[PDB]
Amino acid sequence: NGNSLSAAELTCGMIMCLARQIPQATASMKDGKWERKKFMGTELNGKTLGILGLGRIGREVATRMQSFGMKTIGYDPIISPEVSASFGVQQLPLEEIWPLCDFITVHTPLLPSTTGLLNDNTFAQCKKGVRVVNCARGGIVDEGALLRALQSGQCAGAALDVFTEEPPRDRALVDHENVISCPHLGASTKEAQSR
């Protein structure tokens, strides 16, 4: 609540990082390389962002990404479509969301219904090259499924602030060239800490 904006900002930063590969570019540059072709990226303007979970953080993500000309769609079983309309998010059933999304971001608790919200069945229904963000709770994105999706190219990149186990003991995601990551920094700001 006091940390909604810290979470929402981190999420939007991860979205920009997946579009432009800024973390990977910095690593390259620090290793003395000048790799222009490798880090050809994409524009956010005109892309579709799916927001799973339309509480405080999700809404704050939406209105920030709207300023980039992203089309913002989403799903929340609790929040009315009239409330989500108020902040520019079209609610759609999940089955409709997957095929539309260039980017998908998750803003849910960890429940039975949301553990593996993104899993092999839902990755399959996504547009090829979807990019995924999890700054919410470890386990919302099935980590096995995500790796399989990165391996095939069904998922073109992922940004993870949270893991099923913290620190993650399985390193295959964190080591993947298309994965950007942080050690659960969503609420690690001077402001969130200090009310």
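Each residue number is its position in the shown sequence, starting from 1. Heads up, when I say rigid core I mean the largest set of C-alphas that superpose within 1.5 Å between the two forms.
With each structure aligned by its rigid core, the stretch whose Cα atoms sit farther from this model in 7 other deposited structures of this protein, between 75-83 and 98-106, is 75-83. Legend: mean Cα B-factor per stretch from the PDB entry, 48-56 versus 30-38; the higher mean is in 30-38. Mean C-alpha B-factor is higher over 88-96 than over the other stretch, the pair under comparison being 118-126 and 88-96. Note on the listed residues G157, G144, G69, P167: the highest Cα temperature factor in the record is that of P167. When the CA B factors of the chain's modelled residues are split into thirds, the value for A192 lands in the highest one. Remark: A8 belongs to the lowest third of its chain, ranked by C-alpha B-factor as recorded. In the PDB entry, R171 places in the highest third of its chain by CA B-factor. Among the modelled residues of its chain, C182 has a C-alpha B-factor that falls in the middle third, as given in the PDB entry.
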